[PDB]
């Protein structure tokens, strides 16, 4: 079913991606994303760091950022850890050029995520796909490729738009062009059920691999579930929650996002 949904929806994902590949449209998307999603990005990073520590009882050694933009995630991670192997990939040359100007000890690659194996061979502890999964022409193929790059103790963490959150998404727009941008992005997005089906398809074909999907603000983990408690106790995630969307303004206008994990814990003989 999901393979069909993905294929028939391909034009919608092509249209969404125009907002990142043309200079004028890219100004609109960059402004919106940095104004509205920067806080979310911090929360998402602290979420995966906290999850990784709780799940594997160690810190990650390597992180790969898919659709890394101007390298904001990699910069955040670079200041957090003294030693960590960092890689970012993005198909926008302008984004990668900007990322390289940060002067960080990290590898930035300009290519379609499809081609990652031609650039990266070392296994990754965390592969992060933040607010860009709906832009890929072939998302099933991408994830299958990335699973091959996962280390012994690893996860793919995907955060993306929920198709059903369109109304709330539009409330955040501050211009008609932002409305147009968001409409195009949401048209490319999946429902929660479709997202869950997608992760089911890519994981049950893999040894030592489980998955989790949810709408909960904290990593999609239900507020009666186990990982939720570990996360809510985490000092770093708590810090991020305070000053991310901790302004006045009375209300926040928060569209619910999809949160997906592909978790690998290889058992050796």
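Residue numbers count along the first chain shown, from 1.
- Taking the mean C-alpha B-factor of each stretch as recorded, 221-229 and 41-49 are not equal, and the higher mean is that of 221-229.
- For the pair 207-215 and 50-58, the mean Cα B-factor is higher in 207-215.
- The residue among 99, 166, 110, 77 whose C-alpha atom has the highest B-factor in the PDB entry is 166.
- Ranking 190, 156, 159, 104 by Cα temperature factor from the entry places 104 first.
- When the modelled residues of the chain are ordered by C-alpha B-factor, residue 82 sits in the middle third.
- The PDB entry assigns residue 130 a C-alpha temperature factor belonging to the lowest third of its chain's modelled residues.
- Remark: residue 90 belongs to the lowest third of its chain, ranked by C-alpha B-factor as recorded.
- The PDB entry assigns residue 181 a C-alpha temperature factor belonging to the lowest third of its chain's modelled residues.
- Ranked within its chain, residue 262 lands in the lowest third, by CA B factor from the PDB record.
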